[PDB]
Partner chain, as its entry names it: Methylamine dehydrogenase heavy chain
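In the form solved without its partner chain, a lone chain appears below as structure tokens.
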């Protein structure tokens, strides 16, 4: 796998690390739909709205299997640590018109 998962559970927005790079989710959009990070960085998604959201990378993107993240309730967060350069597209499972990408460089 080209990413590791610190927490399989979502966790509270207050529990977000220092140093993680935050992507907020609100108004049915990922607020930073194109994020550029370095190898080794942790990206933390934070749901800021009532609608539950996840991030979903299809098979072959972050590793062999699809990475279907857990649903985040409002004010919950979920992190991924990227270990290899590349472009990693994702979408929201229930709302697949929501799309973003992480470019690791």
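Residue numbers count along the first chain shown, from 1.
Relative to its counterpart among 86-94 and 9-17, 9-17 has the higher mean temperature factor, C-alpha atoms as listed in the PDB entry. In the deposited coordinates, the residue among 62, 55, 43, 77 with the greatest CA B-factor is 62. In the PDB entry, a CA B factor belonging to the lowest third of its chain's modelled residues is recorded for residue 103.
Looking at the C-alpha B-factors along this chain, the one for residue 66 belongs to the lowest third.
When the CA B factors of the chain's modelled residues are split into thirds, the value for residue 35 lands in the lowest one.
We do not show the form solved in complex with its partner chain, though everything after this point is about it.
Although the partner is absent from this view, residue 2 stays clear of its partner chain in the deposited complex, with no non-hydrogen atom inside 4.5 angstroms. In the deposited complex, none of the heavy atoms of residue 39 sits within 4.5 Å of a heavy atom of its partner chain.
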